[PDB]
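Data block below; observations after.
Each value in this text was obtained by applying a stated rule to the coordinates, not by laboratory testing. Quick reminder, even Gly has a Cβ in these numbers, built from the backbone with ideal geometry, and neighbours come from all protein chains shown.
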Amino acid sequence: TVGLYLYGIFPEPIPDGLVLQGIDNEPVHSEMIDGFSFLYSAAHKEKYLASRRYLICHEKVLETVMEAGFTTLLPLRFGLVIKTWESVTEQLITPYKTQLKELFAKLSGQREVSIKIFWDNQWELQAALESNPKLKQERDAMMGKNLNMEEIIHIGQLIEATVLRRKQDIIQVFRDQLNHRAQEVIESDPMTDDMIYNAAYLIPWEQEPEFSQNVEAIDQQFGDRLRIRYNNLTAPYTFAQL
């Protein structure tokens, strides 16, 4: 009535039940457009705000369908409400039909897992500064030399470069042991000050337990030094994009 809430797009039909409640307790259905199944439910608002509850509900809908076997999908970002199916016509989808068929081909059977790594930044900064006596003497004597802004920043560039290598020593262990298990690895910018690594992996669905086993083994190589957050179930937001 008010509109249709869109969760994601699927390369295959979703069976009638599969019974599932979604946003505002509404039942979740499937609609075919160009041989693509649009997972949806009836909206109560035209504009949904991204509250924690609503975000969790959206993700749960996608995960419940994924655990039901429907693992290949382009998950849609939160709060997409269309008024009628006229917003998503056959005419609009036909040009992007090829790109979609192609995305689902590289996605089918595959699975997104992600790893984030945290550490104590202040501790690792102070440890890097005492591993290099040269930089600590230049930093303390940089006043008196009356430097231009470039020379000042260059010193800061040398302070971070030793911290960069400490990260590269940790990060390389992950690349050596986990990248070969994956079809594609995407690395993003760290979101917080203690975060030093934010990577996503496209692995075959069935190879997850072996991947998870390797993660815990690495989490056991490093002690309390690192805080490794591994996610083995999520909609493939990182990889399912045109």
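In debye, nearest 20, what is the charge dipole magnitude of the stretch 177-228 about its Cα centre with +1 on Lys and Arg Cβ and -1 on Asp and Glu Cβ, if you could check? Working shown, then result.
Numbers: 3 positive and 11 negative charges, 24 e Å.
Dipole size: approximately 120 debye.
Sort 234-240, 62-68, 126-132 by the packing proxy (mean of other Cβ within 10 Å over each peptide's residues), most packed first. Don't skip to the answer; put the middle values down first.
Working: 234-240: 19.1, 62-68: 16.6, 126-132: 13.1.
Highest-to-lowest ranking by the protection proxy: 234-240, 62-68, 126-132.
Per residue, how big is the convex hull of the chain when only Cα atoms are used? Give it in Å³. Present the calculation step by step, with values, prior to reporting the outcome.
Working: hull volume 43.0 nm³, N = 242.
Dividing the Cα hull volume of the chain by its residue count gives 178 Å³.
Charges only on Cβ, +1 for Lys and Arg, -1 for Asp and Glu: so what's the dipole of the chain about the Cα centre, in debye to the nearest 20? Please report the intermediate quantities before stating the final value.
Working: 24 positive and 35 negative charges, 81 e Å.
My answer is approximately 380 debye.
For the chain, find the longest principal axis of its Cα atoms and tell me its angle to the long axis of helix 97-107, 0 to 90°, nearest 10.
60 degrees
Which ³J(HN,Hα) values in Hz, rounded to whole numbers, follow from the phi angles of the stretch 54-71 under the Karplus curve 6.51 cos²θ - 1.76 cosθ + 1.60, where θ = phi - 60° and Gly and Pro get x?
Per-residue couplings from phi come out as 4, 4, 4, 4, 4, 5, 5, 4, 5, 6, 5, 6, 5, 6, 7, x, 8, 9 Hz.
List the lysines whose Cα lies under 24 Å from the Cα of residue 47, skipping any in the same chain that are fewer than 8 positions away.
The qualifying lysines are 60, 83.
For 48, 230, 40, what ranking results if the residue with the fewest other Cβ atoms within 10 Å of its Cβ goes first? Before the final figure, lay out each step's value.
Working: 48 19, 230 15, 40 25.
Going from sparsest to densest Cβ surroundings: 230, 48, 40.
If you average the sequence gap of Cα pairs under 8 Å that are 6 or more apart and divide by the length of the stretch 1-149, what percent do you get for the contact order? Mind dumping the intermediate values first?
Working: 178 pairs, mean separation 38.2, N = 149.
About 26 percent, as a whole number.
Output ³J(HN,Hα) for the stretch 109-115: one whole-Hz value per residue in order, computed from phi by the Karplus curve 6.51 cos²θ - 1.76 cosθ + 1.60 with θ = phi - 60°, and x for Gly and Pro.
x, 8, 8, 8, 10, 9, 10
Starting from the amide H of residue 111, placed 1.01 Å from N in the peptide plane, find each other amide H under 5 Å away whose residue is 5 or more places distant or on another chain.
203, 205
Once the other residues with Cβ under 14 Å from the Cβ of residue 242 are scored (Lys, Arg +1; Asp, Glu -1), what is the net sum?
Values: positive: 77, 97, 101, 106; negative: 102.
Here the count lands on +3.
Please list, in order along the stretch 233-238, the HN-Hα scalar couplings obtained from phi with the Karplus expression 6.51 cos²θ - 1.76 cosθ + 1.60 (θ = phi - 60°), rounded to whole Hz, x for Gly and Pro.
For the stretch 233-238, the Karplus curve yields 8, 6, 4, x, 4, 6 Hz.
Seen from all sides and averaged, what is the projected area of the convex hull of the Cα atoms in the stretch 86-166, in nm²?
Numbers: hull surface 46.4 nm².
Here the figure is 11.6 nm², rounded to one decimal.
Would you please name the trypsin sites (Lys or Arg not before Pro) within the stretch 1-109 that are DSSP coil residues with at most 16 other C-beta atoms within 10 Å of their C-beta?
On the way: sites: 45, 47, 52, 53, 60, 77, 83, 97, 101, 106; in loops: 45, 47, 77, 83.
Answer by residue number: 45, 47, 77, 83.
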